[PDB]
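The residues making up each chain are set out below.
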Amino acid sequence: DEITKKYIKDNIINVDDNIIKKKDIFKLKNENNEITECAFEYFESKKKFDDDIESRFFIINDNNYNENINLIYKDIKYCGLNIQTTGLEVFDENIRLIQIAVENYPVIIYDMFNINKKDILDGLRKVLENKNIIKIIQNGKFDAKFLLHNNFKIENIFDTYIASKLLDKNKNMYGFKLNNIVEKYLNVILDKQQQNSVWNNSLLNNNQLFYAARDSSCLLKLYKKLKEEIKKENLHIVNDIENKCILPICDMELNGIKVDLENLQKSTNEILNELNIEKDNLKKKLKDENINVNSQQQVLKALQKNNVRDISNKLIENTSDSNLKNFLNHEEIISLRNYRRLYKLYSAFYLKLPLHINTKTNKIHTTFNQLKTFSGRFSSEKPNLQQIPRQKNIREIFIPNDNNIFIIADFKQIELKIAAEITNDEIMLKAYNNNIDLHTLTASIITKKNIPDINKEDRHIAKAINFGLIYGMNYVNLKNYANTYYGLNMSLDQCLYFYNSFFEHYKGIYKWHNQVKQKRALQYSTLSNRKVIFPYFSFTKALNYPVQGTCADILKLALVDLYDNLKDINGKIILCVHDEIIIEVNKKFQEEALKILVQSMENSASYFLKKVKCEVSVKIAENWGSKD
Ligand SMILES: Nc1nc2c(ncn2[C@H]2C[C@H](O)[C@@H](COP(=O)(O)OP(=O)(O)OP(=O)(O)O)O2)c(=O)[nH]1
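Residues numbered from 1 in each chain as written, not as in the entry; some residues may be left out. Heavy atoms only, no water.

- Judging from the entry metadata, cryo-EM is the method by which this structure was determined, and 3.90 Å is the reported resolution.

Written out as structure tokens, the structure reads:
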């Protein structure tokens with residue numbers, strides 16, 4: 001019908017009217033700084049939405065091009081950006097639309113499925129590339145991924161989701177969407193009632209495009225209010241370091257890690273054979289064939305029937321790790337514990353990894369999130385890298401690409417140096433500037449020997465005690481923490497002595513603990529002014545938030561610097577777990593790459609920490625599970 005196809009020539013299809021062609025003159029500035037009168041084509045809704053946000057929008061394709069449209073991009077400082085994609089997998093779908101939103105102008109929309117002239121997008125390439133112009137984005141990581149994959153270079157960025165999360169101070173975990181944020185700040189309802197209609201089809205109806213436009217132009221006023229608001233609370237440093245981290249994160253996402261398929265297969269065979277041997281051995285020990293073995297209740301019943309007791313002649317009621325640690329003087333339970341370990345490992349890693357390896361590229365593309373965790377420390381998803389074990393043989397499955405070499409670098413006691421910095425502890429700094437590790441100092445004071453006389457056992461003891469007491473755990477519970485994460489059995493009197501000696505010398509830690517404990521504060525901050533509020537007091541959280549947040553800030557700045565510094569050599573950033581950064585570089589540029597990473601990490605550390613000096617270790621690794 002003519003009603004439906006009233007604008008078919010320009011790719012638009014009518015559904016419910018509410019669309020009218022309109023033409024008017026736009027007083028732009030010419031390239032020669034001359035007020036030039038040019039008439040443009042722009043659509044509008046018949047029924048005016050109750051919102052005052054801009055709804056006027058151009059649409060650009062092969063035949064509708066006007067060479068003067070790019071003049072809107074001259075002499076701007078901010079533009080509003082929005083894109084849409086048919087699906088969710090960056091490596092299986094195509095971008096559908098690009099939308100630009102400039103102040104006091106209509107939306108500029110490029111219909112990606114009808115831009116066959118590569119010359120049309122030159123202005124877009126300029127605006128994306130220019131470093132002096134800010135781009136406003138919502139969920140900027142997604143759009144940066146989709147643009148970077150498709151040969152688009154973007155330099156500046158200011159994401160609204162980051163600013164909202166930082167402003168909310170981690171009060172709540174949900175929300176932070178365009179509807180929520182616009183209703184929260186600008187006092188307007190977007191009526192986002194579109195249920196994700198199809199996008200594969202070439203043509204687009206009026207409602208889809210109008211919903212798309214309002215989602216773009218609305219970012220300008222939100223930016224104009226949010227920027228001032230963030231300036232009020234002094235969160236500009238963390239916001240700038242976060243926004244600059246979108247592009248390093250996207251590069252990390254799109255690189256991924258290769259996997260040695262052959263070695264993975266061999267490992268799977270060997271581990272399955274060992275697991276089967278262990279299962280047969282436990283079944284022989286369990287004296288049952290139909291025993292489910294995986295079934296906790298049935299194995300508990302089997303142990304009860306066998307009557308495996310404690311040293312105090314007490315029977316097992318539960319097969320948890322802590323309970324299992326108590327019962328160790330039986331071959332049966334030892335074999336059971338071996339089954340627990342082996343099955344946990346196999347099920348967690350080997351049977352689960354293959355579902356994620358992309359057949360087309362033969363890589364694992366982990367998903368990184370940046371503001372989900374309260375500490376600000378990064379996180380992984382789908383294949384969770386924090387869950388991939390640290391075993392050396394297992395970690396060898398991840399190898400660098402063909403004719404390329406890994407360069408693994410990491411800190412060492414970064415959080416301890418950060419704590420010394422923030423608390424202004426005296427002995428700690430006076431030891432660090434003499435180039436001695438805090439573990440060694442603690443071991444020396446503990447053992448009352450000289451520096452050269454400290455062994456590895458006391459070093460491990462100090463390694464435990466430092467983490468135990470720096471974050472203010474009560475003296476009683478210290479035995480459990482060492483048991484849980486180190487396994488050493490400490491005597492209560494010995495632990496009390498350790499606590500007393502520790503707090504007798506380190507005045508700074510005691511002072512900071514006393515101040516924050518008597519204060520009973522609900523708001524805390526880090527050196528990057530990253531503020532967070534707790535609903536009710538938690539001493540452990542109160543002491544743990546500042547240091548961890550600061551270390552997250554240092555690592556984030558290091559990534560941002562490394563992203564820039566490696567583009568002369570074309571080195572790619574791979575992965576970041578805890579306090580490691582891995583890069584790939586072709587072997588022809590190894591020596592320069594090591595120096596570049598050392599410089600970047602050193603400068604990033606030195607920016608915030610201004611009294612103590614951080615030292616980074618780098619090893620030219622052939623695989624992630626390299627000798628250590
Ligand atoms: N003992 C211990 N320290 C941790 C852990 N997670 C973080 N840390 C802190 C201090 C670590 O040096 C760093 C984690 O990276 P590392 O490569 O140093 O781990 P790791 O303690 O295994 O180093 P190392 O065995 O001495 O080569 O962040 C943990 O789970 N256990």
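## Digging into the overall build of the protein
For step 1, the next point in the chain: The helix and strand tally for the protein stands at 21 helices and 20 strands.
For step 2, the next point in the chain: Considered along the principal axes of its C-alpha atoms, the protein spans approximately 90 × 65 × 55 Å.
For step 3, the next point in the chain: Among the 628 residues that make up the protein, the fraction classed as buried is 49%.
For step 4, the next point in the chain: Sequence separation of at least 24 residues holds for 64% of the intrachain contacts in the protein that already meet a minimum separation of 6.
For step 5, the next point in the chain: Entry remark: accessible area of the protein is about 33,400 Å², with carbon and sulfur atoms responsible for 49%.
For step 6, the next point in the chain: Looking at the protein, you have 91 positive and 80 negative side-chain charges, and the mean spots of the two groups are 4 Å apart. (Helix = DSSP H or I, 4+ residues; strand = E, 2+ residues; numbered from the N terminus. Buried < 20%, exposed > 50% of the residue type's maximum accessible area, 1.4 Å probe, protein only. Contact = heavy atoms within 4.5 Å. Areas by Shrake-Rupley, 256 points an atom, 1.4 Å probe, with all protein chains shown as cover. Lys, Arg positive; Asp, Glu negative; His and termini not counted. Charge placed at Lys NZ, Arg CZ, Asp CG, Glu CD.)

## Remarks on the UniProt feature "coiled-coil region" (unreviewed entry) in the protein
For step 1, the next point in the chain: The feature "coiled-coil region" (unreviewed entry), as annotated in UniProt, sits at residues 261-306 in this numbering.
For step 2, the next point in the chain: Helix makes up 80% of residues 261-306 and strand 0%, whereas the separation of the span's terminal C-alpha atoms amounts to 43 Å. (UniProt positions renumbered as here; feature names shortened; annotations may be inferred.)

## Observations regarding helix α3 (residues 160-168)
For step 1, the next point in the chain: Of all the 9 residues making up α3, 8 are buried; the element is thus mostly covered by neighbouring parts of the structure.
For step 2, the next point in the chain: All of the buried residues along α3 are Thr160, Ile162, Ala163, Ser164, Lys165, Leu166, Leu167 and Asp168.
For step 3, the next point in the chain: Put simply, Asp159 is the residue that caps the front of α3, since its side-chain oxygen is 2.5 Å from the backbone nitrogen of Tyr161.
For step 4, the next point in the chain: Two residues or fewer after α3 comes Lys169, characterised by a positive phi angle close to 60°. (Polar contact = N/O pair within 3.5 Å; in protein donor to acceptor, adjacent residues only side chain to side chain.)

## Structural notes on the sheet that holds strand β19 (residues 580-585)
For step 1, the next point in the chain: As summarised here, the arrangement of the 4 strands in space is β18-β19-β15-β20, forming an open sheet in which the pairing is antiparallel. Both edges of this open sheet fall to β18 (572-575) and β20 (617-619), since each of them pairs with a single strand only. Adjacent strand axes in the sheet meet at a mean angle of 25° when their direction is disregarded.
For step 2, the next point in the chain: Sheet analysis places strand β15 (residues 405-410) next to β20, joined by 3 bridges and oriented antiparallel. (Pairing = 2+ DSSP bridges. Axes fitted to C-alpha atoms, helices over the stretch in contact; angles between N-to-C directions.)

## Re the site of the ligand
For step 1, the next point in the chain: Close contacts around the ligand come from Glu415, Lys463, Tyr485, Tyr486, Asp579, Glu580 and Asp628, and that covers them all.
For step 2, the next point in the chain: In the environment of the ligand, a nitrogen atom lies 3.0 Å from a nitrogen or oxygen atom belonging to the side chain of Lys463.
For step 3, the next point in the chain: Side-chain polar atom of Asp579 to an oxygen atom of the ligand: 2.9 Å apart, as the coordinates give it.
For step 4, the next point in the chain: Its residues assigned to classes, the shell around the ligand shows 2 nonpolar, no polar and 5 charged. (Near = heavy atom within 4 Å. Nonpolar A, V, L, I, M, F, W, Y, C, P; charged D, E, K, R; others polar.)

## Comments concerning the domain arrangement of the protein
For step 1, the next point in the chain: Parsing the protein into structural domains produces domain 1 (8-233), domain 2 (261-355), domain 3 (366-413 + 549-619) and domain 4 (416-539).
For step 2, the next point in the chain: For domain 3 and domain 4, the distance between their C-alpha centres works out to 26 Å.
For step 3, the next point in the chain: Taken together, the contact pairs 18 residues of domain 3 with 16 residues of domain 4.
For step 4, the next point in the chain: Overall, the association of domain 3 and domain 4 removes approximately 1,500 Å² of surface from exposure, summing both partners, and the carbon and sulfur fraction of that is 58%. (Domains from an automatic or database assignment. Buried area = accessible area lost by both parts, 1.4 Å probe.)

## Side note on the sheet that holds strand β7 (residues 134-137)
For step 1, the next point in the chain: Taken in spatial order, the 5 strands of this open sheet run β6-β5-β4-β7-β8, and their pairing is mixed. Lying at the two open borders of the sheet, with one neighbouring strand each, are β6 (108-111) and β8 (158-159).
For step 2, the next point in the chain: In this sheet, β7 lies alongside strand β4 (residues 78-85) in parallel orientation, the contact comprising 3 bridges. What sits directly across from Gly80, in β7, is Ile136.

## Thoughts on the pattern of salt bridges
For step 1, the next point in the chain: This structure, assessed with the given rule, holds 18 salt bridges.
For step 2, the next point in the chain: Between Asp51 and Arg214 there is a salt bridge; the shortest N-O distance is 2.5 Å. Of this pair, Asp51 sits in the loop between β3 (35-44) and β4 while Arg214 sits in helix α5 (residues 206-233), and the two are 163 residues apart along the sequence. As far as burial versus exposure is concerned, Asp51 and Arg214 are alike and both buried. (Salt bridge = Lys/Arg side-chain N within 4 Å of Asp/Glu carboxyl O.)

## Remarks on the nonpolar core
Most often, soluble globular proteins keep nonpolar side chains buried together rather than apart.
For step 1, the next point in the chain: The biggest cluster of nonpolar side chains holds 85 residues, and the ones touching the most others in it are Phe349, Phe398, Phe502, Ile554, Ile581 and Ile583.
For step 2, the next point in the chain: The element contributing the most residues to this core is helix α20 (residues 539-565), with 9 residues.
For step 3, the next point in the chain: By size, the runner-up hydrophobic cluster in this structure holds 41 residues, among which are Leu28, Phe58, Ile108 and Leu147. (Core = buried A, V, L, I, M, F, W, Y, C linked by side-chain atoms within 4.5 Å.)

## Observations regarding the packing of α3 against helix α4 (residues 178-185)
When two helices pack together, you describe them by how their axes are tilted relative to each other and by the distance separating the axes.
For step 1, the next point in the chain: Their axes nearest at 11 Å, the elements α3 and α4 cross at an angle of 60°. With respect to each other, α3 and α4 are oriented oblique. For the pair α3 and α4, the crossing hand works out as left-handed. Residues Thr160, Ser164, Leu167 and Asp168 of α3 form the contact with α4, whose participating residues are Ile181, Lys184 and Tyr185.
For step 2, the next point in the chain: Grouping the constituent residues of the contact of α3 with α4 by class yields 3 nonpolar, 2 polar and 2 charged. (Parallel < 35°, antiparallel > 145°, perpendicular 65-115°, else oblique. Left-handed = near helix turned anticlockwise from the far one by under 90°.)

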